[PDB]
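Coming up, as structure tokens: structure 1 and structure 2, two forms of one and the same protein chain.
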Structure 1
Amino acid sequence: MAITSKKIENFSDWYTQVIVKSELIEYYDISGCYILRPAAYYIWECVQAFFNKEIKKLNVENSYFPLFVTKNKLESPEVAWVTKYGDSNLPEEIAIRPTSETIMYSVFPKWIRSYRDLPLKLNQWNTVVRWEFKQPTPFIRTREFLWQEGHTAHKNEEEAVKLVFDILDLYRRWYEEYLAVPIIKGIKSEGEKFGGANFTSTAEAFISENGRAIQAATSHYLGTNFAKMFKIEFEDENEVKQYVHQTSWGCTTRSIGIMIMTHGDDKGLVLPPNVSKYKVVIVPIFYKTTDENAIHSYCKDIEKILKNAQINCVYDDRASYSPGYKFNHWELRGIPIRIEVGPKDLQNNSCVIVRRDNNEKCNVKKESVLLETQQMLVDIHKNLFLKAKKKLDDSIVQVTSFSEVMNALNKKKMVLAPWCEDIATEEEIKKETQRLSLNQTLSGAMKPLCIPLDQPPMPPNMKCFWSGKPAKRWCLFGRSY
């Protein structure tokens, strides 16, 4: 099979082709739900192992809360409602969790009585259902998805904010160190922040081949807002009752999606080594051999070296298929490294190592196969990240006025604009960009993506690019998913 749509030219078709033909995703007769085949679920398992290791160092503990919330306890136009079991009607409808704030925070008071019960730090690896009737995009925007949601309660605001930003850096490492994707850290505007949050912090990603931003992960400071709604109070060290200061943070399998859209090429899936089940595929070339079993033994001992070094590989000894067919088979599926061994290189005690990301063929003696493999795996990651980073940073153009924006938006860029952050302007900007875009399947609108944590200098009397009023801060704007 082959990718018959160029990514730069027909992005959404390239994407569906890649995710189905690499065996990541299978479509399902309920739209917005997709089957995660082994190759994608493996990526999820990897980032889950990493994130678990890292949040246990923050003393977060894993737990599992129910899938169902009662109607009253959810007081939304996006929720699947259960009503019957078999043919009998439920006494009252129950909702499938779209998020678990109201499921968890209504039992938090049974656990929190005094300052000696804090901080409470829980995490869930679960599934949520968000039944939006807009159009789905696999991984990026789906009605059922896997995620992790963490929730903490602290005795004050300093501890809670510190954790919000510790989690945000763990999300940075999740994307950069495992998915080789660079992200922009920022604060969400108050029109786009989480409902009930004090502030929402965020990591944003950008798909430059189609000009779209994607929110990669979120860490919210809820403050005492949910504490006052659910009366989560505690006796402090002065016998005074106080409200807990709360955080919640989440990340979903959308991350896999962002990864595919960043590194994928026209040959197919390109996988960062850390998240590929097979890091190496060994492909024999049997033509012109003198001892087929010698080629077998040679490949199998390369295999033994690698997995004795904890490097998982597959030996593709299928006899019917040409070497070229197998090269394409494993390239499509994103295996980062291929080892070719033909009769000349058994004669030389060498083998050819091929990097998936640049297709550079390299002749290495077998004596240093492992070392070279390990080095290349590391370098593959570096290069995937670096290529992505420059692509990200060449996608942001600073503008001082709205008149420069549409042009920048039509070259598939993000605008860094000085903004007064007044909430009424978010919708005005969205509709104006929406109407101007209506002149050549997803939305033309431009929205605040985030106020970046790393700020350029604000010149003295800088006017807001939309309002003409004093500009509060620099904000990223762009089309998104």
Structure 2
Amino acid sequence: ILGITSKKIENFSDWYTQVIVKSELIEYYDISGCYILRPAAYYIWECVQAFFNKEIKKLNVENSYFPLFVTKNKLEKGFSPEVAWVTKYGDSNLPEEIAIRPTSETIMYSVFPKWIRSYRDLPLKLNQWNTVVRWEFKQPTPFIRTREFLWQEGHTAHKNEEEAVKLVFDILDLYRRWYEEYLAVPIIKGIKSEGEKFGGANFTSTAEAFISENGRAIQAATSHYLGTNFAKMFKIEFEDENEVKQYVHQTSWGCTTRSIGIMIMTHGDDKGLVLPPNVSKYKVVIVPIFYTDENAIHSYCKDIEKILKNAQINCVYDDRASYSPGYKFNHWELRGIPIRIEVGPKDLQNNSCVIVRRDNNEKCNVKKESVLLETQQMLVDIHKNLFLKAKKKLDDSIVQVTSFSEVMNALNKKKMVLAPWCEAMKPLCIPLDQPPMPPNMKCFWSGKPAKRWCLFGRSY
């Protein structure tokens, strides 16, 4: 009951449920597919939100808030069974049903024509941090697929294709950094196939992550070039620099709290949650061991707490008298605190302490004067190690194939497949980083000549 009783490989699904609850990330809720985000989970969202905000602001993107509700006729300008409908206020029916936003396309693009008259009004760059609701038919999973989820949705409109297209890939790399620099998760940039892209999009760029334990790919984030599709539909036009009426070129992009789930599944182990330092409130936990003047142990630990905190490194000194040091060890490992500092009589004797990494459980005795410096670079190295170990697993999950039997073998081993492309397992994306393609290569399913490599696999 106390700790994680299932192993990540043996029973991944039950391991996941145990980790997210016992590490105090979420609480389950009496509405299926909805979950309470406890402070530990929301801190992660706050962090990546702060990062993403800073970066998109550099791209002159402005934050805004559009209404949670959209009327029936405006929404209705193959998704409808996912729409949640507000019908009643109190005991009175609404004259017209109103929908809860599943996304803000119809809400925003209905007003864009009013804001866009000439080239002078361009580019228009908007972003929202909000919630949307979708009554997912597929089985709900905490973070990964929820019926209400926090996200960010960006929407832009430009004078031409090139400015729009560049921003699409600018945003896509921000998503890359989002996962890499804060969640320590490696992702693959790519273009969706025509059958997998957002229907309203010209093309859909994507960031894909992969979970080796169940052999499933997860779309980490999206970034669409919408072209003039929505511009035509909503009559979003502007007057040229040459007085000619033109359609705007639009982009849209989004990343949700699914990112947190991807992080958990990536870095979590059999001991429980493992947090990248950049998304953990407490970077260090200080645990005291008695046998010995207790008050002297308190003074030493508090001194180290002051040293770290003064250097703007948030940490916690677990001085709860009712719990053994061993209990505290597991307590904070479970909650994913990157670093544990142990202080006992022996450490107090040499004016030193034991520092313990959460990721590989490596221990080392450091002098009190070197605690700060060693802590700082250890937090750096922990993030590097988490990312690199994760990248190795991602890379080792892809097999380059040129035949059907090679595909069957990879599918049976829960691997992803990199196959020739000439345009349940499905096409995931056409990776931006293309390996060389032999001149006379064919798709083994069509015989047509291959132009690029496509990534295939099962997905969430």
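C-alpha atoms forming the largest set that superposes within 1.5 Å between two forms make up the rigid core. Here, a residue number simply tells you its place in the sequence of structure 1, counted from 1.
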Any chance the CA of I19 moves 2 angstroms or more between structure 1 and structure 2, core superposed?
no
How much does the C-alpha of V354 move between structure 1 and structure 2, in Å, given a rigid core overlay?
0.1
Taking the rigid core as the frame of reference, how far in Å is the Cα of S401 displaced between structure 1 and structure 2?
1.9
Using a rigid core fit, what is the CA shift at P460 between structure 1 and structure 2, in angstrom?
2.6
